[PDB]
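A structural walkthrough
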Number of protein chains: 2
Amino acid sequence: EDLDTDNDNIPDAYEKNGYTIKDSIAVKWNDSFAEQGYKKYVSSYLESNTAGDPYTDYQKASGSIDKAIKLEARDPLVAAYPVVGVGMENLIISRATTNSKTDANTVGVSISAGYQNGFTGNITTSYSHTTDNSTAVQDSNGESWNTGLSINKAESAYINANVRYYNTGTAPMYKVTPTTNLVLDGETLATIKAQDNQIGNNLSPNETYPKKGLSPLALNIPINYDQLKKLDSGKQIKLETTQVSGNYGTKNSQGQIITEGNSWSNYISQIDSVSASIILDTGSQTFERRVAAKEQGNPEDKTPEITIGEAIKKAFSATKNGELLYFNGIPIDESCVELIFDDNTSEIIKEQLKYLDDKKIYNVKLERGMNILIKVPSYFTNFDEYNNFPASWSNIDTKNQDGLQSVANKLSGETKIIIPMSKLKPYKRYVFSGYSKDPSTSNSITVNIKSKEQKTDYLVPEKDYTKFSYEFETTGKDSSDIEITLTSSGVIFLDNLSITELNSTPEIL
Amino acid sequence: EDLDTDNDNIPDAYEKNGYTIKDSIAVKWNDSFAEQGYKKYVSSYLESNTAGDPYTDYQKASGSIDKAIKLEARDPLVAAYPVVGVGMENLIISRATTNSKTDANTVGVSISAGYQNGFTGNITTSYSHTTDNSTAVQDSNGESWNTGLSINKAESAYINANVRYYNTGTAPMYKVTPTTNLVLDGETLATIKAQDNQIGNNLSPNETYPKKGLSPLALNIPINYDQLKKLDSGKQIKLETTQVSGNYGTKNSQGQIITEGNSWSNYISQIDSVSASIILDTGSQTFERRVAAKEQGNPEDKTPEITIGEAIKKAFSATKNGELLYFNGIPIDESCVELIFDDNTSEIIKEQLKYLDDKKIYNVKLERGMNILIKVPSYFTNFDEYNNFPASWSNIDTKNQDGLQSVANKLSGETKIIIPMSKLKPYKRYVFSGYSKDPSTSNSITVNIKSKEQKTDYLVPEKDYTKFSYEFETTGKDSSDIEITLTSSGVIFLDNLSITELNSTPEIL
Ligand SMILES: [Ca+2]
Ligand SMILES: [Ca+2]
Ligand SMILES: [Ca+2]
Ligand SMILES: [Ca+2]
Ligand SMILES: [Ca+2]
Ligand SMILES: [Ca+2]
């Protein structure tokens with residue numbers, strides 16, 4: 001029982017059934033290690049680099065790699081992979097702006113009344129990655145760009161951009177040389193590549209170049225009246241990185257760290273073709289991960305098969321407290337977040353859910369080629385231990401034990417919540433979602449939402465818990481508050497209420 | 001029985017009679033492996049690189065190569081070979097366009113009434129590859145380029161192109177540097193080569209640079225009145241890549257992946273001279289493959305000999321369901337697609353068909369220097385399990401068992417089909433093809449096709465099944481529908497009806 005088919009210092013049996021690294025040697029997994037902090041690693045016994053990255057299974061598991069690599073990349077099934085993009089902070093034509101890395105994913109999402117057959121996720125038509133950045137101009141107050149830039153039919157150029165690089169991956173990049181396009185709708189103004197002074201020497205995960213506390217970088221554009229007025233009328237300019245060139249660190253025979261000749265492009269296509277892509281957006285910081293998966297046809301592919309929940313826990317270092325995952329305290333269970341899939345992933349999940357008795361997305365096996373996006377709600381209450389809503393709900397009755405997880409709220413009457421506009425970002429699309437149950441299957445619920453327009457909807461709860469979602473929008477920072485009223489004709493059980501922010505509606509100057 | 005003449009870790013006997021890779025070692029083929037997913041590999045025992053590519057037979061069969069290489073390139077008889085071309089998406093002189101990679105092959109194809117001696121294919125005079133790209137300008141509506149570009153005898157230049165690279169091969173290319181010519185009829189405007197910013201760092205098969213969801217690349221042209229009016233009058237500009245330079249990945253002694261010094265041009269001429277070329281066009285995506293073949297003179301050439309159907313199955317990973325091949329569900333049997341050959345391949349197939357009792361193209365041996373193109377029909381019905389026609393046929397009688405494969409349609413009267421123009425691309429040439437049989441050899445069929453011009457033809461079915469083809473054209477998106485009527489004087493058996501799109505007719509502004 002010491003065979004090593006792939007020659008990476010881990011025996012086949014340990015690599016097949018579970019192992020952990022102690023004193024820099026692989027040992028067989030024992031269930032008593034879990035309380036001591038030891039993690040259970042499983043990988044392929046026919047391949048030395050299971051995930052497709054520059055580091056083998058033993059190097060990743062034992063930590064004999066760059067110490068700037070995230071700890072969740074020490075799992076052989078999670079790839080060490082940089083995700084580097086560029087985003088602008090100032091637009092000079094003299095007005096600031098913000099950037100969003102998950103707007104393109106969300107724009108092509110349509111929200112309906114309810115969900116069928118236990119599939120509580122959502123489908124997007126324009127799935128994209130965190131490197132596709134869309135900037136929203138702040139502090140406008142209906143001041144068109146033409147005021148002070150008087151133009152009739154001239155292409156006067158005079159636009160300046162202050163960019164900053166970001167890394168949402170698990171590995172650092174060295175000698176970062178990005179290539180970007182600044183496009184408004186479909187017009188490629190230029191293909192600008194960092195020549196010699198906009199090269200970042202190093203860029204750690206969750207960090208920017210230049211680091212926080214430094215002025216944004218400036219890289220060095222003609223613009224005509226047509227696209228200028230397009231920008232003036234409900235359009236946001238976008239900055240997309242087509243490619244980034246950079247290096248990774250490895251040890252010499254002398255023990256030094258080198259990055260020259262260690263191009264990250266030698267591995268990008270291999271990693272992207274042997275794994276599934278997952279994105280987590282907590283509302284302030286975004287993470288993108290690649291998790292290795294099996295190809296269905298090959299009988300000689302020995303990559304371990306794990307579920308979606310196991311993949312999420314391994315990739316984002318979530319903590320399993322009982323049966324639910326927590327990311328730094330934020331609940332990220334399938335009933336506490338918003339799950340967005342492309343068409344193929346949604347079809348696969350729907351097909352697999354027919355034969356699954358649990359009817360949970362997190363119990364569906366993970367397959368390569370998938371694309372998953374998790375949106376953590378801006379506000380979420382479950383009536384059990386977590387409530388981050390700015391204003392407490394009215395008529396709250398927690399004296400129940402029939403909740404989705406622990407307890408529920410007994411709706412006998414009406415529940416109204418008020419939200420000041422200062423707690424929400426202006427010109428955004430939001431979704432209010434929840435789970436409802438009517439054991440008698442006789443009662444009905446009316447939902448009234450006060451927004452830029454008044455909305456009223458009617459839903460009939462079923463015997464068991466079902467999910468409902470309703471969308472609304474916000475207009476202007478200096479406007480009225482948001483009122484949400486849920487009224488029931490009888491007794492209803494409510495649980496897992498949340499409000500999450502979707503993409504931003506157009507700004508009309 | 002352990003000889004290894006070529007020293008590639010596969011014994012001569014296994015390599016001669018059939019082998020498969022299990023636990024990273026070669027084992028003798030057994031017929032009981034087929035249901036377990038194992039493929040049967042055969043190669044040459046006198047050469048380590050049977051197909052001529054950078055990877056040996058053992059590396060390809062065992063998968064010890066780049067994980068971005070397609071699985072069908074793991075067969076030693078199918079080469080790992082990039083096919084990189086360039087195609088434009090926007091033409092600015094302010095109007096969009098589309099690209100076609102198989103128009104040049106199809107333009108030189110003449111369609112006749114019937115086929116003789118069991119040869120159901122077609123002959124082309126201008127066979128070309130997927131790197132020869134012809135663009136068709138969309139959304140014209142008879143608006144000449146001179147309107148707004150008023151020119152009498154001046155060469156005012158002012159043309160802009162937005163290009164995008166594509167890969168139809170089985171292997172990725174690294175550091176892509178294409179060289180292209182933008183030519184209208186025979187005028188070489190310039191020989192433009194990607195200098196420093198239009199270099200794609202990596203380009204996987206079935207993918208583009210920049211990837212889908214990114215703005216098209218712009219590379220940086222004088223044009224005179226003569227060729228401008230030529231373009232105005234029924235001419236489409238073409239963009240041909242003369243050569244592309246790029247690299248492939250290989251493993252170090254340290255186990256890293258390197259692409260520097262690994263030029264793809266060291267192998268192009270060798271692969272092209274030791275193989276046959278096959279192209280498959282499903283109507284939306286196109287694939288080009290090279291399959292190794294034997295040279296006739298050499299008695300010391302040990303390359304295995306396979307038929308055309310075996311070559312197609314190996315090259316495109318088709319599935320043999322019974323006796324017919326399916327490509328992702330699309331039937332690609334010789335009676336369900338359009339086969340186009342150049343002159344030499346057609347002559348060889350005709351010569352070999354004389355001694356073949358089966359009289360099938362797919363049973364003819366494959367030889368090097370061949371050139372095969374497969375066009376999947378836009379619409380196809382076989383009355384057995386597959387029918388993707390937009391509108392169901394009239395007077396359908398499937399109560400028969402005398403079909404070409406399973407059942408046929410009994411024509412006693414007339415069959416009429418209507419096709420809305422929204423289901424067809426305007427300004428295109430189409431072919432309606434089918435198989436007919438008259439056991440009594442007494443009846444006759446009249447075919448009436450309503451198109452830009454009204455066409456009527458008469459055919460006399462033979463005792464057994466024979467193929468008929470009739471061509472027509474479409475004009476304008478906003479026009480009348482297409483009517484096809486087949487009328488029989490008696491009882492006829494019809495099977496395998498299809499409509500396939502040929503090249504595009506000239507556009508007159
Ligand atoms: Ca091992
Ligand atoms: Ca391994
Ligand atoms: Ca609860
Ligand atoms: Ca051998
Ligand atoms: Ca060999
Ligand atoms: Ca049939």
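Residues numbered from 1 in each chain as written, not as in the entry; some residues may be left out. Chains lettered and ligands numbered in written order. Part of a larger assembly, values for the part shown. Heavy atoms only, no water. Residues with missing side-chain atoms left out of burial classes, pairs and counts.

Method information in the entry identifies cryo-EM as the source of the structure, with 3.04 Å recorded as the resolution.

Going by the PDB entry, chain A carries the name Iota toxin component Ib and comes from Clostridium perfringens. This structure appears in the PDB under the title "Clostridium perfringens iota toxin pore Ib in prepore I state".

1. Here's the deal with the overall build of chain A
Counting its regular elements, chain A contains 7 helices and 31 strands. Computed over C-alpha atoms, the radius of gyration of chain A comes to 25 Å, within 12% of the 23 Å expected from 2.2 N^0.38 for 509 residues, which places it in the range of a compact globule. Here the C-alpha coordinates of chain A stretch approximately 70 × 70 × 40 Å along the principal axes. (Helix = DSSP H or I, 4+ residues; strand = E, 2+ residues; numbered from the N terminus. Rg over C-alpha atoms; globule rule 2.2 N^0.38 Å.)

2. Thoughts on the coordination of the calcium ion (ligand 1)
Residue and element names in this part refer to chain A. Each protein donor to the calcium ion (ligand 1) is listed here as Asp-4 (OD), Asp-6 (OD), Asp-8 (OD), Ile-10 (O) and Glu-15 (OE); together their distances run 2.3 to 2.5 Å. Read N to C, the donor residues that coordinate the calcium ion (ligand 1) are spaced as D-x1-D-x1-D-x1-I-x4-E. Separation of the calcium ion (ligand 1) from the calcium ion (ligand 2) amounts to 4.4 Å, with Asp-6 serving as a shared donor to the pair. The pair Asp-6 / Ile-10 is uniform in exposure class, with both members buried. (Donors = N, O, S within 2.8 Å, 3.2 Å for Na, K, Ca; no water. Buried < 20%, exposed > 50% of the residue type's maximum accessible area, 1.4 Å probe, protein only.)

3. Some points on the UniProt feature "binding site: Ca(2+) 1" (unreviewed entry) in chain A
All names here are of chain A. UniProt tags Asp-4, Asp-6, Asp-8, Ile-10, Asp-12 and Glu-15 as "binding site: Ca(2+) 1" (unreviewed entry). As for its placement among the helices and strands, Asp-4 is situated in the segment before helix 1 (12–17). Residue class for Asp-4 comes out partly exposed when judged on its relative accessible area of 22%. On the basis of relative accessibility, which here comes to 4%, the residue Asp-8 falls in the buried class. Filtering out sequence-adjacent residues up to four positions away, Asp-8 remains in contact with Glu-15, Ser-48, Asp-57 and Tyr-58. (UniProt positions renumbered as here; feature names shortened; annotations may be inferred. Contact = heavy atoms within 4.5 Å.)

4. Overview of the side chain of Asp232(A)
Residue and element names in this part refer to chain A. Looking at where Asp-232 falls in the secondary structure, it is placed in helix 4 (residues 225–232). Buried and unpaired, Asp-232 has no salt bridge, with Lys-229 as the nearest side chain of opposite charge at 4.8 Å. In terms of polar contacts, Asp-232 uses its side chain to reach the backbone amide nitrogen of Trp-145, at 3.3 Å. For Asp-232, the contacting residues outside a window of four places in its chain are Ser-144, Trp-145, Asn-146, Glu-507 and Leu-509. (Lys, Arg positive; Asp, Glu negative; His and termini not counted. Salt bridge = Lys/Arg side-chain N within 4 Å of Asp/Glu carboxyl O. Polar contact = N/O pair within 3.5 Å; in protein donor to acceptor, adjacent residues only side chain to side chain.)

5. A look at the coordination of the calcium ion (ligand 6)
Residues and elements named next belong to chain B. The coordination sphere of the calcium ion (ligand 6) contains the protein donors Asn-382 (O), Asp-384 (OD), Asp-384 (OD), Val-407 (O), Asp-495 (OD) and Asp-495 (OD), at a distance range of 2.5 to 3.0 Å. The exposure class of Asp-384 is partly exposed, given its relative accessible area of 27%. Residue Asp-495 is classed as buried on the basis of its relative accessible area, which comes to 0%.

6. Here's the deal with the sheet that holds strand 5 (residues 122–123) of chain B
Residues and elements named next belong to chain B. Pairing is mixed across the open sheet formed by 5 strands, whose spatial order is 5-21-22-16-17. Taken across any chain shown, the strands that pair with only one partner, and hence form the sheet edges, are strand 5 and strand 17 (286–292). Inspection of the sheet shows strand 16 (residues 275–281) paired to strand 17 by 7 bridges, in the antiparallel sense. Bridge pairing in strand 17 places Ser-277 opposite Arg-290. Packing of helix 6 (residues 308–316) onto the sheet brings it into contact with strand 16, strand 17 and strand 22 (371–375), and relative to strand 17 it is tilted by some 120°. Strands strand 5, strand 21 (338–341) and strand 22 of the sheet are contacted by helix 7 (residues 343–353), whose axis makes an angle of about 110° with strand 21. (Pairing = 2+ DSSP bridges. Axes fitted to C-alpha atoms, helices over the stretch in contact; angles between N-to-C directions.)

7. Observations regarding the UniProt feature "binding site: Ca(2+) 3" (unreviewed entry) in chain A
All names here are of chain A. Here, UniProt's "binding site: Ca(2+) 3" (unreviewed entry) annotation points to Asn-382, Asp-384, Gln-405, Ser-406, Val-407 and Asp-495. Their sequence span is 114 residues, while the largest C-alpha to C-alpha distance among them is just 9.5 Å; these annotated residues converge on one region. With respect to the secondary-structure elements, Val-407 resides in the loop between strand 23 (379–381) and strand 24 (409–411). Excluding its chain neighbours within four sequence positions, the residues that come into contact with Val-407 are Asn-382, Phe-383, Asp-384, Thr-398, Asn-400, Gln-401 and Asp-495. Mapped onto the elements of the fold, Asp-495 is located in strand 31 (residues 492–501). Residues contacting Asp-495, with those up to four places away along its chain left out, are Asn-382, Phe-383, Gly-403, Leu-404, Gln-405, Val-407, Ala-408, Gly-434, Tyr-435 and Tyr-465. For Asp-495, the side chain forms a polar contact with the main-chain nitrogen of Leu-404, separated by 2.6 Å.

8. Digging into the environment of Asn247(A)
With respect to the helices and strands, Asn247(A) occurs in strand 13 (residues 238–247). Dropping the residues within four chain positions of it, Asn247(A) is found in contact with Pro172(A), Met173(A), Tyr174(A), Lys175(A), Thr259(A), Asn262(A), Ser263(A) and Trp264(A).

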